[PDB]
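K.L.:
Protein chains in written order, with my numbering: chain A, 741 to 1183; chain B, 28 to 81.
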């Protein structure tokens, strides 16, 4: 049994659209347990200055019970069947999903539909989750890594929809209303923009049947069933420096604008980041790690960790890197990093890519390690690519990447581009955008 | 701020800003500043009327 075959033999992902526009998809395995959920095309990006944070406030009440079955009951009914209910919300994607035995696949589907369609929004609950969210913000404020990425966006997409935090403003959360929340749900949570995805020991048909049964609400006007295209977000080469010598370490993130979900280059871009990779003081590979940056990081104690990323979006993205270092090793670190980006554009080797690829292949495969992760991949590919891309395909696209190709793309997206940078902490040694800008050319 | 490019550039600018008048003088009005008395070979038997330094 060869990798090649094990791929072809992976069951297909069934996709059928109901009448109201909702899409039901799923991957059936011989597993007794499963994961089903609805992945929505909503999020902070879809918010505005006045309702920024609603989608998150909503996330906080999605589980506090619906109208048909209030808090106590809703909770009790789920716990008692051993099901796990989780969910999240990003800038361009929200989702609620459940983990339970395939045997309850339908009762689950019912629950889901009841959550997205009939959230309680009990006036009394709101005022409580309001105090709660307010607390979550203070705790998250102490997580430099996310405070940084937020700032990164804040400036990389400054002045636009994407420049907003998923959680939202302090004011916004202090004043949002039963109304605004209701409105958000009734405006965004709609069939054509939703996907009921599932994976495990489920029958597509048993699923799609149970789907037609609880996801009814048919639309009348043409407006109701066309998916609204968002106004574009403008990238801006710029920097934001939140200094505080009182923090023990410094955080730095640098990025150029990304291509966006649909673009094929994204594959090569990922193949690229596979070369630079990532490090963190607990990798035992140490000085022998294959990643040049990681080595230098070790050889010269350049940092505590670092990661490359290719955060994609519908019409844009962020391709860059982030690293945590001590106040006095920020510069060398940055210097070396930008060096590697330059190496990508001008002197990548076949040897490098060959490996990067295998690392990437193993990566995609591991992204589907369980039911939740698979369901999460289905819920996403549809929402973003409009269909499902099977490992069999991914692999072919990845296998086709060669040095000469990695070079061209990276050059196309990195070389001589004005980057967006965010620094937090004791960042005095890292300095001058100008200097950083010139680290954007000549190997 | 790092000297370069901020001041390397700023100084190269200040170099041309001054260098212009210098050259303008040196080239258009060459002896604007020199005593014409120095176009006469030194002669110990003729004290100039007004001996003054540069």
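From the three backbone atoms N, C-alpha and C, an ideal C-beta is built for every residue, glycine too.
Across the stretch 979-995 of chain A and the stretch 1010-1017 of chain A, are there enough close Cβ pairs to call them in contact, namely three or more that are closer than 8 Å?
P.N.:
No, the stretch 979-995 of chain A is not in contact with the stretch 1010-1017 of chain A.
K.L.:
What residues match up with residue 828(A) in a beta bridge as DSSP calls it?
P.N.:
DSSP output for residue 828(A) lists 835(A) as bridge partner(s).
K.L.:
List, in chain order, every chain E residue whose beta-carbon is nearer than 8 Å to that of residue 28(B).
P.N.:
Reference to chain E is not applicable here, since the protein chains of this structure are A and B.
K.L.:
Does the beta-carbon distance from residue 865(A) to residue 801(A) come in below 8 Å?
P.N.:
Contact flag set, yes.
K.L.:
My output table needs one value for residue 1155(A): the three-state DSSP class, helix, strand or coil.
P.N.:
Coil.
K.L.:
Restricting to Cα atoms, I'd like to know which of 1119(A), 1033(A), 1051(A) is closest to residue 1079(A).
P.N.:
Nearest option by C-alpha distance: 1033(A).
K.L.:
Beta-carbon separation of residue 1052(A) and residue 998(A) under 8 Å?
P.N.:
In this structure, residue 998(A) lies closer than 8 Å to residue 1052(A) by Cβ.
K.L.:
What whole-angstrom Cβ distance do residue 896(A) and residue 797(A) have, given they're in contact under 8 Å?
P.N.:
So it is not a contact: roughly 25 Å between Cβ atoms.
K.L.:
Among 1142(A), 745(A), 1084(A), 750(A), which one has its Cα closest to the Cα of residue 1128(A)?
P.N.:
Ranking the options by Cα distance to residue 1128(A), first place goes to 750(A).
K.L.:
Helix, strand or coil: how does DSSP classify residue 68(B) here?
P.N.:
The answer is coil: DSSP assigns residue 68(B) none of H, G, I, E or B.
K.L.:
Rounded to whole angstroms, what's the CA-CA distance from residue 782(A) to residue 1057(A)? Just pull it up for me.
P.N.:
Roughly 17 Å between the two C-alpha positions.
K.L.:
Could you tell me the boundaries of the beta strand (DSSP E) in which residue 742(A) lies?
P.N.:
That residue, residue 742(A), is in no beta strand (DSSP E); it is neither H nor E in DSSP.
K.L.:
With a threshold of 8 Å between beta-carbons, can residue 32(B) be considered close to chain A, or not?
P.N.:
Yes, because at least one Cβ of chain A sits closer than 8 Å to the Cβ of residue 32(B).
K.L.:
For the beta strand (DSSP E) that contains residue 1084(A), what are its first and last residues?
P.N.:
It is not in any beta strand (DSSP E) - residue 1084(A) instead sits in the alpha helix (DSSP H) that spans 1070-1087.
K.L.:
Less than 8 Å between the CB atoms is what I'm expecting for residue 1120(A) and residue 938(A), so what's the real figure, rounded?
P.N.:
Incorrect: roughly 14 Å between the Cβ atoms, too far for contact.
K.L.:
Assign residue 962(A) to one of three DSSP states: helix, strand, or coil.
P.N.:
Here residue 962(A) sits in coil by DSSP.
K.L.:
Are the CB atoms of residue 1031(A) and residue 1183(A) nearer to each other than 8 Å?
P.N.:
Not a contact, by the Cβ cut-off of 8 Å.
K.L.:
Can you check which of these residues, 806(A), 839(A), 828(A), is closest to residue 819(A) by C-alpha distance?
P.N.:
If we check each option's Cα against that of residue 819(A), 839(A) comes out closest.
K.L.:
Just mark residue 1006(A) as buried or exposed, buried being the case when its beta carbon has 16 or more other beta carbons within 10 Å.
P.N.:
So residue 1006(A) counts as buried.
K.L.:
In the DSSP assignment, what are the bridge partners of residue 934(A)?
P.N.:
BP columns for residue 934(A) point to 780(A).
K.L.:
Just the Cα atoms here: how many angstroms apart are residue 831(A) and residue 786(A)?
P.N.:
Cα-Cα distance, rounded: 8 Å.
K.L.:
Suppose the cutoff is 6 Å on Cβ atoms and the five residues either side in sequence are ignored; what does the same chain contact list for residue 756(A) look like?
P.N.:
Only 764, 948 meet the Cβ criterion.
K.L.:
If you measure from the beta carbon of residue 983(A) to each beta carbon in chain B, is any gap under 8 Å?
P.N.:
So, not an interface residue.
K.L.:
Assuming residue 1002(A) and residue 1167(A) make a contact with CB atoms under 8 Å, what is their CB distance in whole Å?
P.N.:
Rounded, the Cβ-Cβ distance is 36 Å, inconsistent with contact.
K.L.:
Please confirm whether residue 831(A) has its beta-carbon closer than 8 Å to some beta-carbon of chain B.
P.N.:
Not one chain B Cβ lies under 8 Å of residue 831(A).
K.L.:
State the DSSP-derived secondary structure class of residue 1058(A), mapped to helix, strand or coil.
P.N.:
Three-state result, residue 1058(A): strand.
K.L.:
When you compare the stretch 1092-1105 of chain A with the stretch 35-51 of chain B, are there three or more beta-carbon pairs, one atom per stretch, that lie closer than 8 Å?
P.N.:
They do not touch, by the three-pair rule.
K.L.:
Distance, Cα to Cα, residue 70(B) vs residue 57(B)?
P.N.:
Taking the straight line joining both Cα atoms gives about 24 Å.
K.L.:
How do the stretch 965-982 of chain A and the stretch 887-901 of chain A stand: do at least 3 beta-carbon pairs fall below 8 Å, yes or no?
P.N.:
Yes, the stretch 965-982 of chain A is in contact with the stretch 887-901 of chain A.
K.L.:
Report the option in 987(A), 772(A), 1102(A), 1103(A) whose CA atom is closest to the CA atom of residue 1067(A).
P.N.:
Nearest option by C-alpha distance: 987(A).
K.L.:
Measure the alpha-carbon distance for residue 809(A) versus residue 815(A) and round it to whole angstroms.
P.N.:
Cα to Cα, residue 809(A) sits roughly 9 Å from residue 815(A).
K.L.:
Taking its Cβ as the centre, do 16 or more other Cβ atoms sit within 10 Å of residue 1139(A), making it buried, or is it exposed?
P.N.:
Result: exposed.
K.L.:
For the alpha helix (DSSP H) containing residue 815(A), list its first residue and its last residue.
P.N.:
Start and end: 811-819.
K.L.:
In or out: residue 971(A) buried (at least 16 other Cβ within 10 Å) or exposed?
P.N.:
Residue 971(A) comes out exposed.
K.L.:
Hey, quick one: how far does the alpha helix (DSSP H) through residue 38(B) stretch, first residue to last?
P.N.:
That run of the alpha helix (DSSP H) goes 30-55.
K.L.:
Taking DSSP as the reference, what is the three-state secondary structure of residue 1183(A)?
P.N.:
Note: residue 1183(A) maps to coil in three-state DSSP.
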